[PDB]
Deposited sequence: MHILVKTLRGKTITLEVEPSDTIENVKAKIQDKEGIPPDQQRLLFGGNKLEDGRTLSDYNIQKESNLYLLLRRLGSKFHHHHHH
């Protein structure tokens, strides 16, 4: 499922990921396109923060917006 990875600056990053992929695996996939260490990354879906290890199907779909906050 092709989902969008956005920031509060206005940047966007379309990354292809399966529903079984985790937040630690999603942050590791962002390193191949953006080049940021996964420890400095802080993703969030909805109003809640995404915890590294849990699968993407728990937070829940195609063409979604995940906001990335750098550390």
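- The deposited chain is incompletely modelled, with C-alpha atoms absent over 61, 73-84.
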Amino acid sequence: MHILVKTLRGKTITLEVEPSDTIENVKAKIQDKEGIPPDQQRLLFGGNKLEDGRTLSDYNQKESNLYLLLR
From here on, numbers count along this sequence of modelled residues.
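- Mean CA temperature factor is higher for 47-55 when stretches 47-55 and 7-15 are set side by side in the entry.
- In the PDB entry, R42 places in the lowest third of its chain by CA B-factor.
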